[PDB]
Amino acid sequence: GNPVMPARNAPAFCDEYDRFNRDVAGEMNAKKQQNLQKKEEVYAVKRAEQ
Amino acid sequence: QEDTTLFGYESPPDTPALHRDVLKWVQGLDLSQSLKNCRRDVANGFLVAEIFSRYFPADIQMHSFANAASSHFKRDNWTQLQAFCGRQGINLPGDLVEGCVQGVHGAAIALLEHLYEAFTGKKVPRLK
Amino acid sequence: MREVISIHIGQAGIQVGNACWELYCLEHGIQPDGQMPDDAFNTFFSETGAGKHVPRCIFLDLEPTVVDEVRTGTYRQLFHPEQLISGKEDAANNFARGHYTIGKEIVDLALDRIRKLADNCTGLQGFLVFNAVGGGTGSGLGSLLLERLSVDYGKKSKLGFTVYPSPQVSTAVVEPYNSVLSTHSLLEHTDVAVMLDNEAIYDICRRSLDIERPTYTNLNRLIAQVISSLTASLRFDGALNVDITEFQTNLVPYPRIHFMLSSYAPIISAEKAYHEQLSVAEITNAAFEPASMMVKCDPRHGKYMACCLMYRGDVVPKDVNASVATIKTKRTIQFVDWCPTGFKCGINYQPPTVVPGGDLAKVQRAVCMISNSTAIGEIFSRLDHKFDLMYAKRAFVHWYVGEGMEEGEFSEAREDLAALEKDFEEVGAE
Amino acid sequence: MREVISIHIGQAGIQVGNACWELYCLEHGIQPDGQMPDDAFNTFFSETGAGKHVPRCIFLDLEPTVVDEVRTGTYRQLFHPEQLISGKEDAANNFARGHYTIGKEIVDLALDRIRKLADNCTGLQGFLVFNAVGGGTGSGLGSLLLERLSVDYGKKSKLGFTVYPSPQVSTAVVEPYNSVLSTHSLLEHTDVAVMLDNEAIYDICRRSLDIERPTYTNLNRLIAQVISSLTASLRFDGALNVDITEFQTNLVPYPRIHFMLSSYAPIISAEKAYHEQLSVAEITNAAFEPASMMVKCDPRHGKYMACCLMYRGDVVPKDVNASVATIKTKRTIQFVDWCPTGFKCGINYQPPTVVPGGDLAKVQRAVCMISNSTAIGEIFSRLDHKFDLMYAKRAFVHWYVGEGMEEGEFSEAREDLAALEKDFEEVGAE
Amino acid sequence: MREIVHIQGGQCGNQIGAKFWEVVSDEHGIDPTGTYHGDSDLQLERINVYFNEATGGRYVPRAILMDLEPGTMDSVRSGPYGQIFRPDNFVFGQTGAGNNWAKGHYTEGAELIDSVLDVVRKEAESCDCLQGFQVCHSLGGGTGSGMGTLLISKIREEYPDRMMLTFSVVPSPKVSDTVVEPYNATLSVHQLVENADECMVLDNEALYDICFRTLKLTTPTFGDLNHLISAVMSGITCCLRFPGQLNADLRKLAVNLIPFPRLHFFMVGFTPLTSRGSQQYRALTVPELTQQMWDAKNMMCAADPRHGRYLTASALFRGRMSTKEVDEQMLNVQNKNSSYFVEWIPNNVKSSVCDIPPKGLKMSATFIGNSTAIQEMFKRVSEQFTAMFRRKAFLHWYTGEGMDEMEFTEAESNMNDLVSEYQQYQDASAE
Amino acid sequence: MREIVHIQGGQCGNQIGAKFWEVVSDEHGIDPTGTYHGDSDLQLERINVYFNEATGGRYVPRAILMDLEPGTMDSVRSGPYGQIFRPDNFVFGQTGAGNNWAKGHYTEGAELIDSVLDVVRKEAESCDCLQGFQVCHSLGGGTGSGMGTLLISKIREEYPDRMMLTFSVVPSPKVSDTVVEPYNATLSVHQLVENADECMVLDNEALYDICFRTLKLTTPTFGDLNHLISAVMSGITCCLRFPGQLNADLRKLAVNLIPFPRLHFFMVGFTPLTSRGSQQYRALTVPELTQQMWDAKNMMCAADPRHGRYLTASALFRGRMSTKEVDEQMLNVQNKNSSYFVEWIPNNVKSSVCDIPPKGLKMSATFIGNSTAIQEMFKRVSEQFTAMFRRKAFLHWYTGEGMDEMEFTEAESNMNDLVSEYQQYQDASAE
Ligand SMILES: Nc1nc2c(ncn2[C@@H]2O[C@H](COP(=O)(O)OP(=O)(O)OP(=O)(O)O)[C@@H](O)[C@H]2O)c(=O)[nH]1
Ligand SMILES: Nc1nc2c(ncn2[C@@H]2O[C@H](COP(=O)(O)OP(=O)(O)OP(=O)(O)O)[C@@H](O)[C@H]2O)c(=O)[nH]1
Ligand SMILES: Nc1nc2c(ncn2[C@@H]2O[C@H](COP(=O)(O)OP(=O)(O)O)[C@@H](O)[C@H]2O)c(=O)[nH]1
Ligand SMILES: Nc1nc2c(ncn2[C@@H]2O[C@H](COP(=O)(O)OP(=O)(O)O)[C@@H](O)[C@H]2O)c(=O)[nH]1
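Residues numbered from 1 in each chain as written, not as in the entry; some residues may be left out. Chains lettered and ligands numbered in written order. Part of a larger assembly, values for the part shown. Heavy atoms only, no water. Residues with missing side-chain atoms left out of burial classes, pairs and counts.

This paragraph deals with the site of ligand 4. Residues and elements named next belong to chain F. Close to ligand 4 lie 16 residues, the nearest being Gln11, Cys12, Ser138, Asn204 and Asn226. Interatomic distance of 3.3 Å between a backbone N/O atom of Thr143 and an oxygen atom of ligand 4. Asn204 is positioned with one of its side-chain polar atoms (N or O) 2.9 Å from a nitrogen atom of ligand 4. Compared with its free state, where it exposes 580 Å², ligand 4 has 91% of that area covered by protein. Elements with a minimum of two residues in the shell around ligand 4: α1 (10-27), α5 (142-158) and α8 (222-241). Element by element, the count of residues in the shell around ligand 4 is highest for α1, at four residues. Here the residues of the shell around ligand 4 are counted per class, giving three nonpolar, ten polar and three charged. (Near = heavy atom within 4 Å. Polar contact = N/O pair within 3.5 Å; in protein donor to acceptor, adjacent residues only side chain to side chain. Areas by Shrake-Rupley, 256 points an atom, 1.4 Å probe, with all protein chains shown as cover. Helix = DSSP H or I, 4+ residues; strand = E, 2+ residues; numbered from the N terminus. Nonpolar A, V, L, I, M, F, W, Y, C, P; charged D, E, K, R; others polar.)

Now the structure itself:
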């Protein structure tokens, strides 16, 4: 295959969907919300440990 | 090669202190703050700002300058100061300004001497 | 009765228009197709007999991609199909291309549609022209359109929300060239020009909204919020109503000096909200903070000439008076000697609506501070040397000459910007 | 945010890196495939969008065998294939071969990959250079790499965990030669050099772990435990956190004096485990035992300048303070008169993880004692006569000359080591 | 309506501040989510001294957290009351000061001090009337000492008239944590003498002694020491927050404590600290509280007051108590121990009474003593500083940050002059 | 709706064009039979830029294949995507040019050029709006260089304002395939300087180095190099075919890139090129893409940019990305490597963003650099041309096909003048 063509199961790989999405702000907002929730959960776990 | 370090410890440069005429000129000029340490008190550029304001009231305003220790605010003060110096015709050396913002020993002393020459009737500092 | 005609020129203009019209539809409850389940929409929308509301806007571009994105997006049934105007060839960052060769037929059709739009307005507060200073479409075509508007409409207030190049960060190379050309063009045509810098708005998004990767959509959302706050007095009632005509009379000390710094407050994410009081005094202080400026121009460098404040939400004249008195007593903020008051406060009872999916939180109070201050000469000082540094070698000058420009035009634009620098220095000096 | 870049040069560097990365994978739960079933791994691993964690390490060697062993072994899916950098010809225990002729292209590629690695780190606490003073690759190529890192990166703290030749036992013949050369090289480049000796670690393995046949895997496991204890404060929280910048500040009195004795405690097998109390005071005393030194250098001969204690596990500040007070009251432990405090205690709440298949037991408490003391001049004194004994006859000198060196390089290295001896004598003296 | 702006500096300062805010929230009935659950009018009566009301019923502490490394305030946010603080008030760098006063004061402290002062000003202007600022931090640490002293200088410049309160954890005499504690302490004391209006000294070893001997705890972690510090920090300002039979604010305490501007260092202690076993056997009376109060074991400072002379001493009592009882106890203490009290002041005690005792304790009392005993602490720190400075060990770290060697000598001279003034007023005779 | 006419010339040009059309058909989801099986609206939104609609759903590429020997076209037609091209667009002669620029430009290129221009005119008149033409061919070959320069001149004459983009495979520095490569290159560069608006230099040895070092491909076929070239050729125009957050067409790139008309040669590179081994290990971020992009080894031209100075550089990014992140990365690159950037242009970067990444890649970025480093490549070509022309070796074939000897001198003079201009702007100082 084409060397430029990424292999499956790679950080570079994206399906045909998630390509042509053309939505950056929504993805960043969703990732920000997920990171905030994960950070709150981590703080809760550390609080429980302390 | 012979070294003068204490196991790699290089003592600070220990530059000579300001000239008495420069200190007297600064003291006679009305300033809110005082020259305790030349390096520390001139690095921010606020004292230079007050001196330039006293010599040129309309050109230099105290509000444009901020008394902050940050590199950003120090650079803003010194850059607007250099812009006014270039516009007026006063020679403010960029190397001395950079040494002053970085707290290089003697840079602020030389800068104060240069300003005292530019302003106080070119009364050349008594050297040698 | 209080209609305002919106013009969006170039990719930047159309992309901020998307955010603006999304915000207006959300604020007035108008669904994206056009109809909603009094007469507060009349400023931005004209209703048809069927009940569907069509905006009084014109999307102008020489590149088909940006306009076709709107034609295919959610707002395909809202805007008028002929109101969306598409070119065939892009201006290619060329002021001459957008002003002399490609822009002619496009601007003729644009004036035709603008005639049709104004004929449907009983009153007309003015035009809100959103273009891109630093691109051939925005600069050249926008300048030509502004000149034609000044010729035919005459005394109608044209408020140009222009985007100038940032000091260090940029995306184009001939950006100083076409920026200088467009600034020379619009010095004499726009009534109030508002400067906007992508670097400053990026810093605002990074620091205030905690967005480590801000984008054009976020920038346009902030700009749209500013414009909605600016127009709120036209659509929603409140004490101390302020008008488009009053913006000049309280902001433009002299005809040449009409460039404006803009700042919105508060800019806080949902997480950071409901942790601070967000009082009127605090939001006014935040608006007067130099970091909150949407222009990479530190206002401490100059002196404020006029400051027009648009308050939205639960704001009382008591609080605005106290906050403005504290601002006047502040030593860091300095006003010119010849303007004792220099303040134009206007309150509105409608809180700023929040766009779902955005980062701005639901805040019950908001401030839009638009100021004339002489510090704005600094950005012109930056562009004036960025221009002449390139102009010394005549780099990219043949590109501009090929579409019917002359070296005399470059010389005239540079001299006019130097004269603008001189005027700013003069009005700043006692 | 607390990224630390690991460099493993030569056979010993790679072989201790294998143990180090096995230990880090066990500590953070990272399976050998690369991914684990927060953000504590960021110090040693950078995560990709796929979820797989890759170490921020660089295996540098001029011989293909050691690197191919890693490429074939269990951790073939863990390490970055290009980060494993392999030469074609070995340095043949020749400092000149590894520093002037063969090392050039290899160090160029190593700096390229190191730049790529540092570009992926928000913060950068420093570099952990693991080499073998006494072999051409580790000495020569390691010295060249350290010099280039000093030139380009500058003030980043480089901690060199060097392995000097043991006093009596050794495996090479030109080991004194290339050891003296590399010592002259790294006196002026590394920030903190941690001293290790195979003889002392064999002593530890035989006496404490009751291993009658210690081997390199055991030695590397002990070294890996020590480095993990040193870096534990970066990855896991606890009272009295210690930082990479803090080691140099509280351990280096003068830039020349930055060589450190290292001692781990407890070193006990599971058979002998749970058979003594293993209190904080007892493990501190064990750490201060002259036998627990990983360098065949009796601290009784010299005087301690500074002692950084790193506690892991169920450790309480009252107990560390009591133990350190007992150590100060102790007479045989002697400090320099100009360092009254001489102690830097730091605790971590994460107990040391146990490597399956290793001999170390699961202990709830651990101490890593890293000390600057003037006794370390003794090992340089041994190498200084081991060097000149051959240098009088110029034995094996033609080998070094053939690959682009001169008599002056040997003379300068010997004079520099003599200067280091004099400096240690002077700091020890009042 | 007299606000206090709390600032936490460094790892130790941040941990102490988090414990203090937890204790204050417990005292005012505030849950970690910010809501009030106290069921007492007086708790909300003066909650504005420390807290601000958000859009809802949430209360946010008027606290500003400072650091050059983000891990410490990550731990703070993971702490029990990490969620009350406003997220904007967390001001952090990226590389911590490696126990380097020069790094925390000049190089790395310079950039972050903009954000620190911006947040301080934002919090201060919102205050209707401002009693002052209080900074909790540890002498002998890079970011803590350096950034704290720099911020205190800036705040003194901006608000000279507003009160300045410092809770500094001076390095302990016997067991030192970091090697450069004497340098950092010497450089910080020079700044605190010039800038800080009121400064209180805490020692970790003294707190260990008090929690081992009085509380009889077997394994006291840093949490217990921060708990005692939080108790003292609350008790000093409880008169602002609660009605008092004879109330006394921070400025009144400073006026009645500080005879001369440079002699503003105080040793503090809290009563009643009782071991869990002897809680039943001890009877809560004003004489018992005073007896524990004046015991040299109760001081949280290493220096014992017996060696020095009490220049002044303020005692803030809390609970239902007799003003006659308290005043007679203080006068009897003065008469009995007149040798330990300075002669040229007729009354060396500033007594204050508050009606609101801490929860669970029927009565309590906090002590703030200005005595020439702190002279020996400064003397010991100077003994270490001179020993290290003669051979110039670890001086290169401070020199490489752009600090002149002359600054060390200036700080040492200031500290020695402070010692000299303390000795002068220890041996000063009337007439 | 801004159409582009593709032209392939010579064997190398035909192979590269076939690979490029395969890549574009895959990216737009077109099967080798031409039917749309792409499963996305955006793919068909702007398919008219490269393709035309046939009777049914078939899409015919707007490509014209030109050659003097039918073997290369027969192979292309028998290849996987040989059936999409319209058979009328295959213009071939009967006797191939024996690596002779004279045969490909004067004797045999004359007869076939009429048919070639006929096909070009038929394709161009069908276009609603024409951005221009892109011609892919190889310098250093007879038919390729010959009719490439000839057709470029003819199309320049017919359509002066329309864009001309060229992908010329300049003969490689170290390994040379044919002997007369310097002659053909010298004759062709002179034509490209006058005619081509925008010229893209590709070297087979640079491609081998990049695919052996970054891709770690050990024995790379010509198909691999053609496919890298195809990726670049797609990415240069993806802003025309797909919606972009900040789009930039060919004319915008040319305006922002070319400071002066004769300095229109560029070196290009594609990111992210990853070896199969490290594909899971590499994480795609805009800084990573820029770091790989600005690397000298990433350039597909043999000249390395370190020797020269970047006059201008455009980067077309593709994927859902932050404009702030991209702009910050490019500004930081400029600041760090200011020594390599021309001083009298404040911003040497034209950044464009398209929202549609290529197939398989989350993000990509194609780079186009105008730097004075091309000086050394033209210098080497002149070093070989002068050495051959001094002794007039192999000159008799070109002489017998009917050009004066003075044409060689004029071409060499023009190339030397171009080298002189590049050196002038390399060492030009501001003010
Ligand atoms: N703030 C902001 N600025 C934008 C945005 N989009 C584009 N710009 C700016 O707009 C400038 C160019 O705009 P345009 O002239 O309309 O680009 P175009 O549509 O391709 O037209 P030409 O460039 O003239 O050929 C760029 O320099 C950007 O800085 C946006 O979404 N937000
Ligand atoms: N502690 C320890 N030392 C080791 C180990 N392996 C090798 N060494 C030491 O490393 C020294 C030589 O290492 P290297 O220079 O890397 O050997 P090399 O990889 O063949 O490279 P050259 O010898 O320079 O050609 C020997 O003298 C050993 O004493 C190990 O596993 N543990
Ligand atoms: N009372 C108390 N002291 C502490 C705590 N954490 C650290 N310390 C002490 O504070 C001193 C200074 O450390 P610190 O200033 O916080 O380090 P920095 O944050 O890097 O400046 C050390 O000697 C510690 O012993 C704590 O939680 N409570
Ligand atoms: N990248 C690439 N280069 C090629 C290919 N085929 C030929 N070349 C190179 O192109 C150069 C010119 O050959 P070419 O112009 O195709 O020969 P012509 O058709 O007879 O003129 C030769 O030196 C080859 O090395 C190919 O498929 N890909």
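So, next bit.
No other pair of the eleven pairs of chains in contact has as many contacts as chains C and F. For chain A and chain B, which are not in contact, the least C-alpha distance works out to 30 Å. Considering only C-alpha positions, the minimal separation of the non-contacting chain B and chain F is 17 Å. (Contact = heavy atoms within 4.5 Å.)

With numbering aligned to this structure, UniProt lists the feature "binding site: GTP" at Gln11, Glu63, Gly136, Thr137, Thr171, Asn198 and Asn220 of chain C. With respect to the helices, strands and loops of the structure, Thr171 of chain C is situated in the loop between β7 (157-164) and α6 (175-186). Under the relative-accessibility criterion, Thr171 of chain C is labelled buried at 17%. What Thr171 of chain C contacts, discounting residues up to four positions off in sequence, is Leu246, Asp327, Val349, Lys350 and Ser351 of chain F. Of note, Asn220 of chain C is situated in helix α8 (residues 216-235). A distance of 2.8 Å separates a polar side-chain atom of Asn220 of chain C from the backbone oxygen of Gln15 of chain C. (UniProt positions renumbered as here; feature names shortened; annotations may be inferred. Buried < 20%, exposed > 50% of the residue type's maximum accessible area, 1.4 Å probe, protein only.)

Looking now at the state of the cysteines. All names here are of chain E. What the rule picks out here adds up to zero disulfides over all chains. Free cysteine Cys211: the closest other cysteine sulfur is in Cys12, separated by 15 Å. Of all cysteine sulfurs, the one in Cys354 lies closest to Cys239, which takes part in no disulfide; the gap is 4.6 Å. The buried category is assigned to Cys239, whose relative accessible area is 6%. (Disulfide = S-S within 2.5 Å.)

This next bit is on the interface of chain C and chain F. Taken together, the contact pairs 38 residues of chain C with 44 residues of chain F. Counting each side, the surface lost to burial between chain C and chain F is near 3900 Å², with a carbon and sulfur contribution of 55%. Linking chain C with chain F are seven salt bridges, by the criterion used here. Across the pair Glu325 of chain F and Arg213 of chain C runs a salt bridge whose closest N-O atoms are separated by 3.3 Å. Taken together, chain C and chain F are joined by 28 residue pairs in polar contact. For the side of chain C that touches chain F, the secondary structure elements donating two or more residues are α1 (10-28), α2 (64-72), α7 (198-207), α12 (377-391) and α13 (397-402) of chain C. When residues in the side of chain C that touches chain F are grouped by element, the largest group, five residues, is from α2 of chain C. Here the residues of the side of chain C that touches chain F are counted per class, giving 16 nonpolar, eleven polar and eleven charged. (Buried area = accessible area lost by both parts, 1.4 Å probe. Salt bridge = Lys/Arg side-chain N within 4 Å of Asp/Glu carboxyl O.)

Residues and elements named next belong to chain F. Sheet architecture is open: ten strands sit in the order β5-β4-β1-β6-β7-β8-β9-β12-β10-β11, paired in mixed fashion. Strand pairing shows two members of the sheet lacking a second neighbour, β5 (90-92) and β11 (349-354), which therefore form its edges. Pairs of neighbouring strands in the sheet enclose a mean axial angle of 20 degrees, with direction left out of account. Packing against the sheet, α1 makes contact with β1 (2-9), β4 (63-67), β6 (129-137), β7 (163-170) and β10 (310-318), and its axis sits at approximately 140 degrees to β1. Helix-sheet contacts for α8 involve β1, β6, β7, β8 (198-203), β9 (265-271), β10, β11 and β12 (364-371), and the interaxial angle to β10 is about 80 degrees. (Pairing = 2+ DSSP bridges. Axes fitted to C-alpha atoms, helices over the stretch in contact; angles between N-to-C directions.)

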